[PDB]
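If you read the protein sequences in the order shown, they are chains B and A.
Per the deposited numbering, the first sequence starts with residue 2, numbered consecutively.
Per the deposited numbering, the second sequence starts with residue 4, numbered consecutively.
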Amino acid sequence: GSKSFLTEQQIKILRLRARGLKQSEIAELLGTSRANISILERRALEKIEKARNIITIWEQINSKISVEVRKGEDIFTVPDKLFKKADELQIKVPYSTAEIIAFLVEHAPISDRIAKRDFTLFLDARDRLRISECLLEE
Amino acid sequence: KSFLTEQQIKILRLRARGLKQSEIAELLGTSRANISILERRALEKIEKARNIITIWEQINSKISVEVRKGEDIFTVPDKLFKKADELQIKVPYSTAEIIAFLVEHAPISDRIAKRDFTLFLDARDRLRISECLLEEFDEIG
C-alpha cells in the first residue's frame, strides 16, 4: 500500500488478522470490501517479506562462515562441507553434525533429503544458524 | 529502491572486510562521493527494514504492555505481570530481570521514560522494545 514503512491501515489489518479475525469480519469493521482488504494485506505481507530479505543480506555479509549448497545435493553431506572450511578459517562452529541437520530439516528448501534449489548456509556474528537463498560474489 | 542493489551489496561487502571509503572507490571505478551516497543510502534501507520486522514481531507478540512518557520504570513490571496472567502467564523473567532490561534498551532518562514505547514478549520469549503503541487497535469489536 506504500513504501519504506507500514501505514496505520496496514498495522490495523495485520493486528486484527493476528487476533484471529477473518477478512470478511475486518471488512465490516473498517467499512470496505473484503477484496480490497485481501489486496492490502497482500501488499503488507509482501512489504514485510521484502524487508526480511534485507536483514538476511545484512547478516549474510557479516557472517563468520558461509557454505553453499546446490540443487540436488544431499542434506547429510552439508555438515562435512561446513566443518571442512571451519578448519582452514580458524573459527568455532558451536554445533554438531546432528545439531545442524535438525536445523536444515526445519527451515531450508529441501524435498525429503534432497535440496530443491540452491541456498546458502551461514553462521552469523551471534553464533546463530541462518539460511539465505542468495548466492553472491567473492 | 525496495532492496539492496548489487553495487550497494559490493560496497557493504568490501566495507565488512575492513576497507576504507577511499580504497573502495577505486575498485568500483567511481568517486568517493558516490560511495558515500550509496553506503549511507544502503544503511538507511537496513534500518528501515529492522523497524518493519520489529513491528511484525510486535503484532505476533504473546503479551505487550504500553509505557507512556513520564511514567515510572519500576511500575512496569507489576503492570506486565498483572495483565500477563489473563492468558497463560509465561514471562520467564523476574521483576529485576526486566528492570535491568529497561535500563539497558529503553528510552528512559534516569528513572523516568523519555518517550513512549511498548515492552512486549515476542515469539521467542525474549524481551523487546518498540516505539509504536498499537494497543488502540486491540479495542475494536
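All residues carry an ideal CB built from backbone N, CA and C; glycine is no exception.
Sequence-distant partners of residue 77 of chain A (beyond 5 residues in either direction) whose C-beta falls short of 8 Å from its own C-beta, in its chain, are 102, 114. The bridge partners DSSP lists for residue 116 of chain A are A/111. Within the segment 56-143 of chain A, the complete alpha helix (DSSP H) segments at least 4 residues long are 78-87, 102-107, listed from N- to C-terminus. For residue 25 of chain B, same chain residues with a beta-carbon under 8 Å away, outside a window of 5 residues either side, are 35 in chain order. By the 16-neighbour rule on beta-carbons within 10 angstroms, residue 48 of chain A is buried. For residue 72 of chain A, the closest Cβ of chain B is not nearer than 7 Å.
Straight-line spacing of the CA atoms in residue 83 of chain B and residue 133 of chain B works out to 15 Å. A Cβ-Cβ separation of about 5 Å places residue 14 of chain A in contact with residue 42 of chain A under the 8 Å criterion. With a threshold of 7 Å between beta carbons, residue 137 of chain A makes contact with chain B. Flagged as an interface residue toward chain B: residue 63 of chain A, by a C-beta distance shorter than 7 Å. For the set A/140, A/99, A/75, A/100, the Cα lying nearest the Cα of residue 116 of chain A is the one of A/75. Using a CB distance cut-off of 7 Å, residue 52 of chain B counts as an interface residue toward chain A. Of the candidates A/27, A/28, A/45, A/17, the residue whose Cα lies closest to the Cα of residue 8 of chain A is A/45. In the three-state DSSP reduction, residue 25 of chain A falls in the helix class (H, G or I). Using a CB distance cut-off of 7 Å, residue 85 of chain B does not count as an interface residue toward chain A. Using a 10 angstroms sphere on the CB of residue 127 of chain B, the tally of other CB atoms stays under 16, which defines it as exposed. Residue burial annotation: residue 71 of chain B is exposed, with fewer than 16 other C-beta atoms found within 10 angstroms of its C-beta. In the three-state scheme derived from DSSP, where H, G and I count as helix and E and B as strand, residue 7 of chain A is classed as coil. Taken through DSSP and simplified to helix, strand or coil, residue 53 of chain A comes out as helix. The distance from the Cβ of residue 60 of chain A to that of residue 141 of chain A is about 16 Å, inconsistent with a contact at the 8 Å cut-off. Going by C-alpha positions, residue 118 of chain B is about 26 Å away from residue 52 of chain A.
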